[PDB]
Amino acid sequence: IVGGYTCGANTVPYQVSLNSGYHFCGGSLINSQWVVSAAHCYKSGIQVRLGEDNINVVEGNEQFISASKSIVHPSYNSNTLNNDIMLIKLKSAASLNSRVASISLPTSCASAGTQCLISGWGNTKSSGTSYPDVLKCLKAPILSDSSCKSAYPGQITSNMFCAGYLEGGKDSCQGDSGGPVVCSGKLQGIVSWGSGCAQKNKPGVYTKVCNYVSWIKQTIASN
Ligand SMILES: NCc1cccc(-n2cccc2)c1
Ligand SMILES: [Ca+2]
């Protein structure tokens, strides 16, 4: 997250870190057994880390649970990033508490202008590279479809939305992918892509989670 703030330990209790020897992507806990992330984050051998603040130090609220399976969306295209969503099942259920909690799925799609909280452990600089160890947060609005399309001609599908600031300065970034965009207490987005970070006229692009609720629920119901 570029241009954000330190969230505070365990203030974003549905945020998980995906670890394969190291943090590589975020995710969102949606019930005790399942995490939502980005399909472009798929790999084998994922360990889900819950209850994290400083991802380099054991601080006492973590739960580390290996994935028993990953399910990438049936229509994910890694060239266009259309349908950039996957589900990850935990080998055992998380212990839910005030610091490890699931985020409800939306009932309807959020509108442009709605305020959202975007979070992750990604790079904090537009130019060059500095990772944070503690979780970062950014409040940002959803942008109109028309401005998202004008920002990225030929590349915004009906499964994507933009959020952030056309002026630049404040955006998600590398290492935040797969993490949450929460608006009015529901998961509306997944950190997906953009062109650099925090550049003028290049806001972040997010998977539109409200399009996937019926796939999510029916996949969980049979896996
Ligand atoms: N600024 C949005 C965004 C989201 C997620 C990743 C990236 N990114 C990856 C490499 C460089 C930037 C950007
Ligand atoms: Ca930790």
Side-chain angles (χ1 to χ4, degrees), residues 1-4 6-13 15-19 21-28 36-42 47-65 78 80-82 84-86 94 99-100 116-143 147-148 151-152 155-156 159-181 188-209:
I1 301 291
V2 177
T6 297
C7 304
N10 312 295
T11 61
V12 188
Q15 172 80 232
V16 308
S17 169
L18 303 184
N19 186 106
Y22 45 87
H23 167 83
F24 67 89
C25 275
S28 300
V36 171
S37 186
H40 87 257
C41 293
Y42 159 77
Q47 184 187 65
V48 177
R49 296 192 167 207
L50 305 183
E52 290 279 18
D53 193 44
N54 190 314
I55 50 171
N56 276 318
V57 178
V58 173
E59 296 181 291
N61 295 296
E62 299 90 348
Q63 298 172 44
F64 294 169
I65 303 173
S78 57
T80 63
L81 303 177
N82 199 25
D84 189 11
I85 188 172
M86 61 177 299
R99 297 184 177 245
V100 176
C116 298
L117 182 67
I118 309 174
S119 49
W121 289 273
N123 189 1
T124 61
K125 292 196 186 293
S126 309
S127 287
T129 305
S130 185
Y131 283 74
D133 55 6
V134 299
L135 186 67
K136 307 298 193 169
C137 270
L138 176 60
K139 290 182 179 184
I142 299 177
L143 299 175
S147 65
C148 188
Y152 292 104
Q155 299 162 72
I156 305 303
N159 301 307
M160 298 172 190
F161 68 91
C162 292
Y165 298 92
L166 295 184
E167 53 272 47
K170 293 183 288 213
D171 197 3
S172 60
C173 202
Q174 191 304 304
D176 290 322
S177 290
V181 180
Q188 300 275 8
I190 302 165
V191 182
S192 182
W193 62 276
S195 170
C197 313
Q199 305 300 304
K200 180 167 182 189
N201 290 135
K202 293 299 178 173
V205 190
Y206 300 94
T207 308
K208 193 168 167 161
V209 173

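Residues: numbered from 1 along the sequence shown. One-based numbering, in listed order, for ligands and for the atoms of each.
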Heavy atom of the protein closest to atom 10 (C) of ligand 1 (residue, atom name, distance): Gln174 CB, 3.7 Å

N or O contact, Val205 vs ligand 1, cut-off under 3.5 Å: no

N/O/S atom of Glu62 inside 3.0 Å of the Ca ion (ligand 2), strictly under: yes

Protein contact of atom 13 (C) of ligand 1 - nearest heavy atom, named by residue and atom, plus distance: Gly196 O, 3.5 Å

Backbone N/O of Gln188 and side chain of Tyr206: donor-acceptor pair under 3.5 Å: no

Location of contacts on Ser172 toward ligand 1, heavy atoms closer than 4.0 Å: both

Backbone or side-chain N or O of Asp171 under 3.5 Å from ligand 1 N or O: yes

Subset of ligand 1 atoms that lie under 4.0 Å from at least one heavy atom of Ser177: 5 (C), 6 (C)

Protein heavy atom at shortest distance from atom 12 (C) of ligand 1: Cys197 SG, 3.3 Å

N, O or S atom within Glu52 nearest to the Ca ion (ligand 2), by name: OE1

Metal proximity, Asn54 vs the Ca ion (ligand 2), N/O/S cut-off 3.0 Å: yes

Heteroatom N/O/S of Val58 within less than 3.0 Å of the Ca ion (ligand 2): no

Location of contacts on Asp176 toward ligand 1, heavy atoms closer than 4.0 Å: neither

Backbone of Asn61 reached by a side-chain donor or acceptor of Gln63 within 3.5 Å: no

Any donor-acceptor N/O pair, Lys170 side chain to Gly164 backbone, under 3.5 Å: no

Distance (rounded to the nearest 0.5 Å) between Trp121 CH2 and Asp176 CG: 10.0 Å

Donor-acceptor under 3.5 Å (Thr80 side chain, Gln155 main chain): no

side-chain contact (heavy atoms from CB on, under 4.5 Å) between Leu18 and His23, worked out: CA-CA 6 Å; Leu18 303 184; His23 167 83; over 6 Å; no

Donor-acceptor under 3.5 Å (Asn123 side chain, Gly128 main chain): yes

Contact check: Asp53 to the Ca ion (ligand 2), N/O/S below 3.0 Å: no

Backbone of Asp84 reached by a side-chain donor or acceptor of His40 within 3.5 Å: no

